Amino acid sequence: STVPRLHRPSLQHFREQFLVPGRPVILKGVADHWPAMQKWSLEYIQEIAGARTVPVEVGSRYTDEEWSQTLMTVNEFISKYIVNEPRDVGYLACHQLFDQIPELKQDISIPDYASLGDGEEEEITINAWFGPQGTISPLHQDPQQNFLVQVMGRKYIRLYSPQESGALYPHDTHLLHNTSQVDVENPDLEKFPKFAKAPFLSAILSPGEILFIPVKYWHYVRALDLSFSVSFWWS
């Protein structure tokens, strides 16, 4: 089953049919006019952010043993992990780039739907997710609502309800208890047999689209192209 797509639903419709019951949806016609949609290119990103230091995750998946985190400039990240035939997967993941670079904040907008939350606009966390084709964020859940906005490229996204948590075999450790032990796209069904029958939603999220990921919904994300997404974590 595919995540439903709705064009600019009213605040009330979003609240009653999606936010309150905790059901995912893709919102169209909302972020398609961010300036970012037309302005953000590798060249623009280099011009505005190239000299700044960013954290970069190196390795296929953050659950891997060889996975690590390092620091480099945005120019270095683009050169080593996007443009030149990269040797390893690098991902500028989960970074508050817009607090670091306020000029880029002018190219985005917080969706009006976030004002249905009980939290302060000031406390919404805005993260950049910028990387090559093939980045993977393993199946995990977050403690706030999320609007994940796709700017450049496409992502394949799989969503499992919190009701299905048993079939997802969360890690026992404290660092990883919000992360599944299962590789979604190649699950070990001898070790994790309950995963096979667990229902899910999926989508390909394209530029200009917003995915609403309800609080605690399990999500898995693979970039299909050079990709730039912006998430808003809110309550």
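In case it trips you up, residue 1 is the first one in the sequence shown, and so on.
Look at the C-alpha B-factors of 185-193 and of 169-177. On average they run higher in 169-177. Stretch comparison (108-116 versus 130-138) by mean CA B-factor in the PDB entry places 108-116 on top. Taking the PDB entry at face value, the top CA B factor among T53, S206, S202, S68 belongs to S68. Of the candidates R23, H219, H13, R222, it is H13 whose Cα B-factor is highest according to the PDB record.
Annotation for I210: CA B-factor lies in the lowest third of the chain's modelled residues. Remark: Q150 belongs to the lowest third of its chain, ranked by C-alpha B-factor as recorded. In this PDB entry, the Cα temperature factor of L92 sits in the bottom third of its chain's modelled residues, the lowest group.
In this PDB entry, the Cα temperature factor of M72 sits in the middle third of its chain's modelled residues. Ranked within its chain, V83 lands in the highest third, by CA B factor from the PDB record.
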